[PDB]
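What follows is a set of notes on a single structure, which appears directly below.
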Amino acid sequence: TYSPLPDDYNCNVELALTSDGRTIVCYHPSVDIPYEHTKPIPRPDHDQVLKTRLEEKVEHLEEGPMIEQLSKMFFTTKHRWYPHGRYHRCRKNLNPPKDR
Amino acid sequence: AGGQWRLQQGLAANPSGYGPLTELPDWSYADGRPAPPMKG
Amino acid sequence: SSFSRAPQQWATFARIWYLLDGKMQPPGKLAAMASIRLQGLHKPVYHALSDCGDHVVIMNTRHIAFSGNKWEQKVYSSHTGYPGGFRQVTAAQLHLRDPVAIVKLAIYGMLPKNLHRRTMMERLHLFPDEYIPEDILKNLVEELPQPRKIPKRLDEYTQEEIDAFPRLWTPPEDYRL
Amino acid sequence: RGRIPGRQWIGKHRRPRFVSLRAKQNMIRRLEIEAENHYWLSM
Amino acid sequence: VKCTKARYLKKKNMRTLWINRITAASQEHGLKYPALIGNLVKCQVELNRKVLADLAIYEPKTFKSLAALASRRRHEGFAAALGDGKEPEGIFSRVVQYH
Amino acid sequence: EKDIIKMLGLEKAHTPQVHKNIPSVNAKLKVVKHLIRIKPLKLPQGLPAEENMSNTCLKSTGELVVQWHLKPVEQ
Amino acid sequence: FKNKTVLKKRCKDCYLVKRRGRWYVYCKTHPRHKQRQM
Amino acid sequence: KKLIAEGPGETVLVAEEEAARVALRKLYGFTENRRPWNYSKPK
Amino acid sequence: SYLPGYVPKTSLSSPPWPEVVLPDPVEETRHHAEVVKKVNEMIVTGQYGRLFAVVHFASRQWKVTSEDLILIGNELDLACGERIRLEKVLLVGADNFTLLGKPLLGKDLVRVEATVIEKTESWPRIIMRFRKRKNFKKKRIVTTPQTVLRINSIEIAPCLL
Amino acid sequence: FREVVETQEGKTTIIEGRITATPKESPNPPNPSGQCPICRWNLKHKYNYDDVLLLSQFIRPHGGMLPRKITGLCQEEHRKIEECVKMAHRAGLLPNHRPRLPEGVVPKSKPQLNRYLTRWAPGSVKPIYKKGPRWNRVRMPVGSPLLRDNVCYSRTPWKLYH
Ligand code: FES
Ligand SMILES: [K+]
Ligand SMILES: [Mg+2]
Ligand SMILES: [Zn+2]
């Protein structure tokens, strides 16, 4: 009943040695998430004479409030949202290499 | 790491020293012809 | 895992929310765990030139425990910059003035001394008295175990354990204990 | 506020230095090696 | 001059990054970097830290198997140390002798 | 001490060198005994003959084996 | 009180007690015998 | 009540679409860890 | 009720780690035999996909698979297009099973083949040494040879047990 | 044990003593040859401040300490148990054992500060305003130096000064 590691999160690890002792065999089939350990998808979320006329109504906040909103939204600081200069903009490479 | 254990077991402290991992040929031809010996 | 490139990258570089209970726990150990989680040193894909940090929410910061006499010996010092503006306070005074200051200062001291430390502090969350906002409670993922095991008081021990622990000496029958 | 007069490691007053456990272990190891050298030179 | 001298620091930085990633994986699996490296060496598994980090990033199940092997070797070593030495060597404690 | 090391030939560290267990060599070694490690040369299989002068290996245990197959023992 | 390094009892009435982390030689018959550890 | 595929994403709909794509790949045999194409000469 | 050597349960009476009871050697040997048999049956039936191998080459370890490219900073004295076999394999792995060598796997067990596809020289490397206030300044430019190998097939054979 | 009762009956105070049931040592000690209960039960170097089940057997109901002669312990174990009991009291591990308060005296509200391994009294030490240099650092004492000989399973020895 001895197990070096628990077998309930990633895979069932079984270790063995060949007869000559020169080869170590590792058998690790992955575990599957049980049905009981899952949540259902939250799919669920008038006499209107006029149509549902919805328009984008968001005024542009100033630099300060906008940067504060972005920092609070993304859990960051204001310096990242503050702009940069033409020197760095032109130094940045527009065609970076791609591995895969 | 493990140099003392290797010395106790009778092997070189550095795994890159004498042994099959270092002195065996690195490669050989697919047709089976042995490769020329390494300069080291 | 046969994932597409964008879902795979989004899954790999994702932020996880950890919860840490500070109920009678060493502030230094709490700060070490929080610093590890904030730096992302717990991830095999960690690198400095990336954002591998995870959100940490520490509760019960008011109920931290200091070993020894640190509440009276440990001193936090600061300077307002003006002449005669050098202020030193004890750990107890700082805790009374701000119940989330000691853990915050410990985490700030343990984090790397670079420009990412402020972002890590922003991602860090501290709440006293077991109160957490609904958003923060809903976006939680994992709860880290407490580092220090809380000892039990004499009244907490069960009668079974009391009977199991044997008597060691026989007091005189005439003593006035 | 804690100053060492003059240079730290030279002069009449110096910054104190303290021996560590690993330093003691290293010295003991070298002493054992030299003792074995003495034994092997004994014959 | 900086370019010439940075070639020494590049290897040190790479090794430090590999050690950090291996430590992260070991902590995820419940072990530590020394208890992993030493117990893998005791099993005649000569995998360098770069390969170990690559396995931790891309082969989580293989790395878990390696961690289980290291933990088993560590437990066998603890048992041997606790014993008087008369006990036979463990299955994974045997060393394949070369000549 | 520098000159005695140079005469002994131990200019490169961690490089084994062979010397004769004679009083003069011992006297030379006694001056640099705090910089060197000394072991006895153990010959479990005898001196290397002319034929097996290329299959010799000096193990970390101080043994000069004359056969080096780079293969595990079948046993 | 008088600060001293080696506290001594000037009379038999003097008694030693450790308070506030420091030793004190208190006395009642001769209050001048009161001493504080330095 | 048997898992056939799992998909990650930023939203529930995207994750479900990715899970369906993974299931389709598994059914069609175009898994990422599939057997590589054999380029050996006809022998 | 207290045998000799008994210690009442306190904070330091028992070690702070749980005790480990290793399996019996004979039963564990039987379990190992069963595991080896089932893994060998999987290998025979071909119930595996892409294989990855950690091998030793050019004084370092490479984790490679099929269609991979490796750049060795050394000339191998071979013509381009030649196929070679990497004989130093330390690890082989698949989705379900992993085999480790001590410290190397069997040649019959695992065979890894590569093809030489390119022989080049590295980009110029500058070695500049400058010493302050000593009129000491020297510069060198070097170009190390390089060889590109494409891994063609990592083939395993049933040889366990 | 023995209890004393004072009754002011009819302007005539009567002081009486009565004998109540007393605990006895558990039978078959593992080490009968020991000269103290600790060494008889092989608890030497194997207890700490958190062992309230052990500390409570040598303390008064109000939190005091029992005489060494009455307990039967040796001087070293007596001092160690006294230090452990002080640390337990400072850590609040003995809620039942509290100092006796005179009638009509209600303690004022005080801030609560959880603590453990408290060597000195909380109201005796002064703040470390000047820590000093590294070679002359003023360390904060943690734990009791008397427990330096306790078993240390960890490789790192106990740090008695932080
Ligand atoms: S416990 Fe043995 S001498 Fe006191
Ligand atoms: K000086
Ligand atoms: Mg100076
Ligand atoms: Zn007096």
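None of the figures in this text is laboratory data; all of them are computed from the coordinates on show. Because the Cβ atoms are built from the backbone with ideal geometry, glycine has one as well, and the counts that use them run over all protein chains shown.
I need the full set of residues from the range I:81-104 which are at the interface with another protein chain (Cβ under 7 Å from one of its Cβ atoms) and assigned to a loop (DSSP other than H, G, I, E, B), in order please.
I:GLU87, I:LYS88, I:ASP95, I:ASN96, I:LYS102, I:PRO103, I:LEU104 - these are the residues of the range I:81-104 that are at the interface with another protein chain (Cβ under 7 Å from one of its Cβ atoms) and assigned to a loop (DSSP other than H, G, I, E, B).
All but one of (1) facing chain C (nearest Cβ under 10 Å); (2) within 11 Å of ligand 1 (Cβ to nearest atom) hold for J:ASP51; which doesn't?
Evaluating J:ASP51 over (1) facing chain C (nearest Cβ under 10 Å); (2) within 11 Å of ligand 1 (Cβ to nearest atom) leaves (2) as the failure.
Of everything in the range D:5-43 that's within 16 Å of ligand 2 (Cβ to nearest atom) and in contact with a helix residue (DSSP H, G or I) (Cβ under 9 Å, 6 or more places away or on another chain), which residue is farthest from F:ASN26 (Cα to Cα)? Step through it out loud before you land on a result.
Our first condition is that a residue be within 16 Å of ligand 2 (Cβ to nearest atom); within the range D:5-43, this holds for D:5-17.
If we keep only those that are in contact with a helix residue (DSSP H, G or I) (Cβ under 9 Å, 6 or more places away or on another chain) too, we end up with D:15-17.
Details: D:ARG15: 42, D:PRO16: 41, D:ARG17: 38 Å.
By that ranking, first place goes to D:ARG15.
If a residue must be in contact with a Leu (Cβ under 9 Å, 6 or more places away or on another chain) and over 30 Å from J:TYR47 (Cα atoms), how many such residues does the range J:88-108 contain?
1
Hey, any hits in the range A:9-16 for a residue that's under 23 Å from the mean Cα position of the chain (by Cα), under 30 Å from E:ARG94 (Cα atoms) and among the polar types (S, T, N, Q)?
Within the range A:9-16, one or more residues are under 23 Å from the mean Cα position of the chain (by Cα), under 30 Å from E:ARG94 (Cα atoms) and among the polar types (S, T, N, Q).
When you check F:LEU10 against the structure, is it surrounded by 10 or more Cβ atoms within 10 Å (Cβ to Cβ), away from every other protein chain (no Cβ under 12 Å) and assigned to a loop (DSSP other than H, G, I, E, B), yes or no?
Working: surrounded by 10 or more Cβ atoms within 10 Å (Cβ to Cβ): yes; away from every other protein chain (no Cβ under 12 Å): yes; assigned to a loop (DSSP other than H, G, I, E, B): yes.
Criteria met by F:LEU10.
How many residues does the range D:1-24 hold that are more than 16 Å from ligand 3 (Cβ to nearest atom), more than 10 Å from every other protein chain (Cβ to nearest Cβ) and surrounded by fewer than 10 Cβ atoms within 10 Å (Cβ to Cβ)?
So the count comes out to 3.
I:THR98: under 15 Å from the mean Cα position of the chain (by Cα) and farther than 30 Å from E:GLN97 by Cα, yes or no?
Taking the combined requirement at face value, the residue does not satisfy it.
Of all residues in the range J:143-156 being in a helix (DSSP H, G or I) and touching a helix residue (DSSP H, G or I) at 6+ places or on another chain (Cβ under 7 Å), which is nearest to the other protein chains (Cβ to nearest Cβ)? Please lay out each step first, then the result.
Within the range J:143-156, the first condition is being in a helix (DSSP H, G or I), and the residues that meet it are J:145-149.
Filter once more, so that each one left must be touching a helix residue (DSSP H, G or I) at 6+ places or on another chain (Cβ under 7 Å): J:146-147.
Working: J:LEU146: 15, J:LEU147: 10 Å.
Checked the range J:143-156; the qualifying residue nearest to the other protein chains (Cβ to nearest Cβ) is J:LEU147.
Quick one: which of H:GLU6, H:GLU10, H:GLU18 is surrounded by 10 or more Cβ atoms within 10 Å (Cβ to Cβ) and more than 7 Å from every other protein chain (Cβ to nearest Cβ)? Show your work before the answer.
On the way: H:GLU10 fails: more than 7 Å from every other protein chain (Cβ to nearest Cβ); H:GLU18 fails: more than 7 Å from every other protein chain (Cβ to nearest Cβ).
Step by step, each of H:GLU6, H:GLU10, H:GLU18 is checked, and only H:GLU6 is surrounded by 10 or more Cβ atoms within 10 Å (Cβ to Cβ) and more than 7 Å from every other protein chain (Cβ to nearest Cβ).
I need the full set of residues from the range E:9-52 which are touching a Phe, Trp or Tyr at 6+ places or on another chain (Cβ under 8 Å), within 18 Å of E:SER71 (Cα to Cα) and away from chain B (no Cβ under 13 Å), in order please.
Scanning the range E:9-52 gives E:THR23, E:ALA24, E:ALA25, E:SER26, E:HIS29.
Could you list, in sequence order, all residues of the range A:1-45 that are outside any loop (DSSP other than H, G, I, E, B), away from chain I (no Cβ under 13 Å) and of a type in the set (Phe, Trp, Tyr)?
Pass one, the range A:1-45, residues outside any loop (DSSP other than H, G, I, E, B): A:11, A:14-17, A:23-27, A:30, A:35-37.
Among the residues that remain, those that are also away from chain I (no Cβ under 13 Å) are: A:35-37.
Listed by number, the list holds a single entry, A:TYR35.
I'd like the full set of residues that are part of a strand (DSSP E or B) and farther than 30 Å from I:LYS38 by Cα, limited to the range I:63-80.
Here is the first cut: in the range I:63-80, the ones part of a strand (DSSP E or B) are I:63-64, I:69-72.
I:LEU69, I:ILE70, I:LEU71, I:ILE72, listed by residue number.
Looking at (1) under 24 Å from the mean Cα position of the chain (by Cα); (2) in a helix (DSSP H, G or I); (3) within 11 Å of chain A (Cβ to nearest Cβ); (4) not polar (S, T, N, Q), which one does I:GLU34 not meet, given that it meets all the others?
With respect to (1) under 24 Å from the mean Cα position of the chain (by Cα); (2) in a helix (DSSP H, G or I); (3) within 11 Å of chain A (Cβ to nearest Cβ); (4) not polar (S, T, N, Q), I:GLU34 is out only on (1).
Restrict the check to the range C:122-138 and report whether at least one residue is of a type outside the set (D, E, K, R), on the phi < 0 side of the Ramachandran plot and within 14 Å of chain J (Cβ to nearest Cβ).
yes
List every residue pair whose Cβ atoms lie under 9 Å apart, where the two residues are 6 or more positions apart in sequence or sit on different chains, the first residue falls within the range B:7-27 and is at the interface with chain I (Cβ under 8 Å from one of its Cβ atoms), and the second residue, located anywhere, is among the basic types (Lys, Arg) and in a helix (DSSP H, G or I).
B:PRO15/B:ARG6
Looking only at the range C:154-171, which residues are in a loop (DSSP other than H, G, I, E, B) and more than 7 Å from every other protein chain (Cβ to nearest Cβ)?
Correct list: C:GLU156, C:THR158.
Here's a check for you: in the range J:117-142, which residue that is of a type in the set (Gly, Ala, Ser) and more than 7 Å from every other protein chain (Cβ to nearest Cβ) is farthest from the chain's Cα centre (by Cα)? Let's see the steps before the verdict.
Initial filter on the range J:117-142 (of a type in the set (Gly, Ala, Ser)): J:121, J:123-124, J:132.
In the following step, the residues that additionally are more than 7 Å from every other protein chain (Cβ to nearest Cβ) were identified as J:121, J:123.
Details: J:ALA121: 13, J:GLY123: 18 Å.
Only one residue tops the list, namely J:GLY123.
So, in the range F:44-60, exactly how many residues are surrounded by 13 or more Cβ atoms within 10 Å (Cβ to Cβ) and closer than 30 Å to D:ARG30 by Cβ?
Selection size over the range F:44-60: 4.
Checking the conditions here, which among J:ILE19, J:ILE15, J:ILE38 is of a type outside the set (S, T, N, Q) and more than 10 Å from chain C (Cβ to nearest Cβ)?
Result: J:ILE15 is the single residue among J:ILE19, J:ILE15, J:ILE38 that is of a type outside the set (S, T, N, Q) and more than 10 Å from chain C (Cβ to nearest Cβ).
So in the range F:24-43, with the set limited to residues that are of a type in the set (A, V, I, L, M, F, W, C) and under 21 Å from B:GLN4 (Cα atoms), which one is surrounded by the fewest Cβ atoms within 10 Å (Cβ to Cβ)? If you could, list the steps in order and put the result at the bottom.
Step one: filter the range F:24-43 for residues of a type in the set (A, V, I, L, M, F, W, C), giving F:25, F:27, F:29, F:31-32, F:35-36, F:38, F:41, F:43.
From what is left, the residues that are under 21 Å from B:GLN4 (Cα atoms) are F:35-36, F:38, F:41.
Working: F:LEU35: 15, F:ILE36: 14, F:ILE38: 17, F:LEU41: 12.
Among residues in the range F:24-43 that are of a type in the set (A, V, I, L, M, F, W, C) and under 21 Å from B:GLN4 (Cα atoms), the one surrounded by the fewest Cβ atoms within 10 Å (Cβ to Cβ) is F:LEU41.
Quickly run through the range G:13-38 and pick out the residues that are in a loop (DSSP other than H, G, I, E, B), near ligand 4 (Cβ under 8 Å from one of its atoms) and among the charged types (D, E, K, R).
G:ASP13, G:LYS28, G:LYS34 - these are the residues of the range G:13-38 that are in a loop (DSSP other than H, G, I, E, B), near ligand 4 (Cβ under 8 Å from one of its atoms) and among the charged types (D, E, K, R).
Starting from residues that are surrounded by fewer than 14 Cβ atoms within 10 Å (Cβ to Cβ) and within 26 Å of the chain's Cα centre (by Cα), keep the ones in the range C:76-86 and report whichever is nearest to the other protein chains (Cβ to nearest Cβ).
Looking at residues that are surrounded by fewer than 14 Cβ atoms within 10 Å (Cβ to Cβ) and within 26 Å of the chain's Cα centre (by Cα), I get C:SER77.
Given (1) out of contact with any strand residue (DSSP E or B) (no Cβ under 9 Å at 6 or more places or on another chain); (2) outside any helix (DSSP H, G or I); (3) not acidic (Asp, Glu), identify the lone condition not met by H:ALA23.
Of the numbered conditions (1) out of contact with any strand residue (DSSP E or B) (no Cβ under 9 Å at 6 or more places or on another chain); (2) outside any helix (DSSP H, G or I); (3) not acidic (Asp, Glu), the odd one out for H:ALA23 is (2).
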